[PDB]
Amino acid sequence: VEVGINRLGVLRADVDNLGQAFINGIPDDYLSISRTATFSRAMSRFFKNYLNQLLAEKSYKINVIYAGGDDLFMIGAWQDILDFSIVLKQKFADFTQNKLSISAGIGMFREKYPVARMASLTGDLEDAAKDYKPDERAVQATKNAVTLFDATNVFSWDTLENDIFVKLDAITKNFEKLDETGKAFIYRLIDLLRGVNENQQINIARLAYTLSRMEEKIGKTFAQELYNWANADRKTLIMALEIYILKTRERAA
RNA sequence: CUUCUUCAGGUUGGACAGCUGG
Ligand SMILES: [Mg+2]
Ligand SMILES: [Mg+2]
């Protein structure tokens with residue numbers, strides 16, 4: 001890879017409540033050993049065979065360690081892993097036609113990072129995604145989520161795809177003609193957005209000033225769009241901005 | 001043989017504003 005940060009991507013996906021589906025997912029009337037075997041074979045053949053075939057469809061830079069049953073462990077270029085996470089979610093949702101959900105954790109590590117710690121950390125992220133519960137009123141976690149590089153960046157799959165990826169696409173399409181001072185301006189935007197929690201007024205003013213400085217190579221309309229996002233959807237905006245910085249980092253790859 | 005030693009009127013306007021390269 002030529003553009004991005006020289007980082008390995010570790011993906012760990014797991015179907016939510018597959019054991020519950022095997023216990024009581026099938027209605028009691030349609031319970032037989034043949035139906036149970038059909039469901040088991042569907043799941044197993046999907047994971048093993050179809051993950052192989054789907055990753056062979058386009059030359060993803062992935063190095064699948066294990067697919068097996070209900071689980072997944074793949075290591076590759078972090079951009080390819082991030083791109084294939086949504087493809088995996090969509091293909092699983094098609095295959096099950098939205099009867100089972102999948103949780104994933106995506107870790108980002110350097111090449112010489114310990115493999116034991118890669119596995120442990122990405123498992124922790126996958127557990128955090130399985131801990132996803134948007135409202136503290138329901139019973140049992142929603143579990144249909146993905147964790148992005150850190151246990152604080154747990155987003156649902158719909159949230160991830162729609163919000164984060166449309167924001168990342170807009171940022172990419174509006175930030176490609178920035179200067180090398182613009183990169184530092186994006187860094188400052190990220191720092192200000194992270195600090196907004198402990199600085200309500202001065203920090204939003206500083207963000208407005210930074211957008212003012214930027215709105216000469218990005219346009220006034222997108223500066224206003226970023227300002228609106230910062231006051232409405234901040235954590236998604238921070239996620240998209242960090243992903244853009246890591247994807248466009250010119251420190252080899 | 002005379003007094004005025006200066007009085008009156010204008011008192012800034014328009015233009016450019018950061019661009020390239022790593
Ligand atoms: Mg599971
Ligand atoms: Mg499992």
Side-chain angles (χ1 to χ4, degrees), chain A residues 8-28 30-33 35-55 60 62-76 78 80-85 87-109 114-136 138-161:
Chain A
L8 275 171
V10 180
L11 178 55
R12 283 190 75 135
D14 190 303
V15 188
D16 317 319
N17 318 309
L18 192 53
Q20 203 64 252
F22 272 110
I23 289 156
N24 53 78
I26 306 279
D28 189 359
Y30 313 102
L31 261 187
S32 58
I33 193 60
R35 192 151 279 111
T36 296
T38 292
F39 180 37
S40 173
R41 202 175 49 89
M43 294 311 290
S44 70
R45 86 172 171 260
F46 169 85
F47 267 93
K48 316 166 158 73
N49 302 311
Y50 180 71
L51 282 173
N52 286 334
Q53 295 155 16
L54 183 63
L55 280 152
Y60 276 114
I62 311 306
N63 265 314
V64 190
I65 302 306
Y66 166 79
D70 179 81
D71 308 300
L72 176 146
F73 196 113
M74 304 186 311
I75 307 190
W78 78 277
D80 298 73
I81 282 281
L82 188 53
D83 285 0
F84 185 69
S85 58
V87 167
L88 169 65
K89 187 269 183 182
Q90 280 153 355
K91 289 318 194 151
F92 187 78
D94 296 340
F95 182 72
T96 49
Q97 69 275 16
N98 284 286
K99 287 300 186 91
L100 309 155
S101 49
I102 197 151
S103 278
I106 307 189
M108 167 150 63
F109 315 96
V115 308
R117 215 190 156 80
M118 301 184 186
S120 283
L121 263 48
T122 310
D124 288 3
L125 275 70
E126 190 276 331
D127 294 355
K130 296 216 149 275
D131 281 343
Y132 184 75
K133 194 179 157 182
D135 56 326
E136 299 87 45
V139 63
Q140 296 294 321
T142 289
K143 257 192 205 159
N144 194 5
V146 64
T147 303
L148 288 184
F149 316 123
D150 189 358
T152 47
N153 319 313
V154 181
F155 314 93
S156 81
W157 277 113
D158 291 331
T159 289
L160 161 76
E161 196 185 346

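Residue numbers begin at 1 in each chain, while the letters A, B, ... track the order of the sequences. For ligands, and for the atoms within them, numbers begin at 1 and follow the listed sequence. Just so you know, these numbers use all the heavy atoms, side chains as well, and skip hydrogens, waters and symmetry mates.
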With a 3.5 Å cut-off and no angle check, do the side chains of A/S103 and A/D14 form a donor-acceptor pair? no

Which atom name does A/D14 have for its N/O/S atom nearest to the Mg ion (ligand 2)? OD2

How long is the gap from CG on A/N144 to NZ on A/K89, to the nearest 0.5 Å? 6.0 Å

Kindly compute the distance separating CZ (A/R12) from CG (A/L121), expressed to the nearest 0.5 Å. 11.0 Å

Would you please say whether a donor-acceptor pair under 3.5 Å links the side chains of A/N24 and A/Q20? yes

N, O or S atom of A/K130 closer to the Mg ion (ligand 1) than 2.8 Å: no

For A/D70, what is the atom name of its N, O or S atom nearest to the Mg ion (ligand 2)? OD2

Closest to the Mg ion (ligand 2), which N/O/S atom of A/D71 is it? OD1

